[PDB]
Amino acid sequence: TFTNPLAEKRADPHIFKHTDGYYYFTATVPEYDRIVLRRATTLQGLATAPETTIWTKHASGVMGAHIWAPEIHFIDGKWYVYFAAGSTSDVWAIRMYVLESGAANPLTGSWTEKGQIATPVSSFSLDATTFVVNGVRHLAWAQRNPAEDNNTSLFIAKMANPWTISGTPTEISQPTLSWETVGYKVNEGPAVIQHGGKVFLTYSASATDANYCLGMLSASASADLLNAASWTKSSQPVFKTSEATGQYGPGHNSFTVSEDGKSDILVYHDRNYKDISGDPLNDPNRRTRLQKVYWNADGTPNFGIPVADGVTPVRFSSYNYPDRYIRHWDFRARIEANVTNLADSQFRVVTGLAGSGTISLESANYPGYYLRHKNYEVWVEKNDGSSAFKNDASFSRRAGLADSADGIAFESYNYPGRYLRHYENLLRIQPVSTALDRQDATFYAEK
């Protein structure tokens, strides 16, 4: 579990997990004047990790304005920071730059400017990221194609070294879809996650307001990534505003991994209100958040929806049907495999509504709704403040009935002796007496 937000007033978050046992976190600060860095042995530990300013804007000329979207990478024994910056003369003449350090600790180490990342076209450029596919390092970034009437398109290239591309860039996406062209016609913030022999390049689209969202390109890892034909663009956003959870304009993401290395983590920013207040560039309230990526059966990532503030939700799978998860459909609770609408299968465990050390299970996509029983059937329904609802939505957490060590079972608070159990895949509360009943009433959280 994570507690969101991770950091207030930090946009364009980048987190890098190093082999020294630390996560390193950099981001865009509201002043746009410097590159900050913090570190911690765990992801949650980053929330209270102190920042060091590692580099500050130049007093005059290039690298002197709009210090935007730093990423930190460890490459061939050295640290590299990728960032964007305009000039004091022309604040909107934004280009891409790199810093290098050979120090073990990048917080305290000394940094060297490696200069601008050169590209054949001299145009607005930012959001450089680097990644390796099958021993070949690539750079992906956002840049204006001057022959297109838009803001930025996505480019990719091979690299000669961490600060220089090799050969010619290829344009692999341009903003053309309705959801990419709201306010401004933008593809920016590329980020790469790899899974199942596929390469998924997420990116941000539209203006940086509530319309901000993630798109995604997909390619095979065996394909020529410099051939635009290798990439397939998702026709709809893969991550967007959720009014229900009060999360607006989620975007400019990166990817990291959990403490145990086994789960992929989506790192992004958003706001908790819709309408921009004041000069859009100057609204400082974007905050950094974390949530686990779930992998669809078809090998594609499922980002779900930006989750409610506070503790993150979990998924509950069945003991006897390990691929089936508790989910709601038309508000009825069932167990089901291959949940495409991920958030129907996410619930957060909260202090019981009926107190006395019980727990309740709050819907991730319908905050304020809970798993509750009525006529012994389990539904996801809105808390109305009634005693009946509170009682019907509270359970005693028990050791699993088929797995005392690792499983979980849920005993009704108002009907002791009855447990949450599935029957013909639908969830009910019933007494447990047989081996099969015990299995039907045992679940696992995050397994």
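Start at 1 and count along the sequence shown; that's the residue number.
For the pair 337-345 and 281-289, the mean Cα B-factor is higher in 281-289.
Once the C-alpha B-factors are averaged per stretch, 100-108 and 183-191 rank with 100-108 first. Within the listed group 77, 250, 367, 196, the record reports its top CA B-factor for 77. Set against one another, the Cα B-factors of 149, 362, 71, 330 in the record reach their highest point at 149. Among the modelled residues of the chain, residue 127 sits in the lowest third by CA temperature factor in this PDB entry. When the modelled residues of the chain are ordered by C-alpha B-factor, residue 434 sits in the middle third.
The PDB entry assigns residue 95 a C-alpha temperature factor belonging to the lowest third of its chain's modelled residues.
Residue 262 sits in the highest third of its chain by CA B factor, as recorded in the PDB entry. For residue 212, the recorded CA B-factor ranks within the middle third of the chain. Only modelled residues enter the ranking.
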